[PDB]
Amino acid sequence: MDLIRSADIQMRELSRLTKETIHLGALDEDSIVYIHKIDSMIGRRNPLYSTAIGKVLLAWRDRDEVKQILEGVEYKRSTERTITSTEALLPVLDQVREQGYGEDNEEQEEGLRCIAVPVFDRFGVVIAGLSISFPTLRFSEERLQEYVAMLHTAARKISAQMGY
């Protein structure tokens, strides 16, 4: 597929620029599926509500489609920070749409942080999320903003190559 071929190039570029773990994820019913990865030094499945990619796959969607997708989900509290109801998640999705990126701030695993941005198809629907990992510590608003800016560049190229 063309999405993975374009993504592969831009993900290798982010890995080059950042040395971080880069993922490409897509919606599989009521979970995310990792479809590509470039490692720090693919088929894995994860919750929609605790992943940065999950948040971006939902945030631009019709909010009735969202509540539909999330109907079947059994929320599980992984960590202190995990969002564990639809009612708690919908306001988070508002912020994701507003700011243009989604995050997982130790919501799946202590010590793990991820930041993600939407990848659009030719119609403006989010078809994948493109993310960057993180060990949590050296937090810099500056690192976050630089990471978001480079994700957006990468995603816009992938989307353009999709016909967006």
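Start at 1 with the first residue shown and count on from there.
> In the deposited sequence, how many residues between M41 and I42 have no modelled coordinates (none, 1 to 3, 4 to 9, 10 or more)?
Replying inline: 4 to 9 residues are missing.
> In the PDB record, does 118-126 or 48-56 carry the higher mean Cα temperature factor?
Replying inline: It is 118-126.
> In the PDB record, does 67-75 or 90-98 carry the higher mean Cα temperature factor?
Replying inline: Comparing 67-75 with 90-98, the higher mean C-alpha B-factor belongs to 67-75.
> By its CA B factor, does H23 count among the lowest, middle or highest third of the modelled residues in the chain?
Replying inline: Lowest third - that is where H23 ends up once the chain's C-alpha B-factors are sorted.
> According to the PDB entry, is the CA B factor of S133 in the bottom, middle or top third of its chain, that is, lowest, middle or highest?
Replying inline: Tercile = middle for this residue's CA B-factor.
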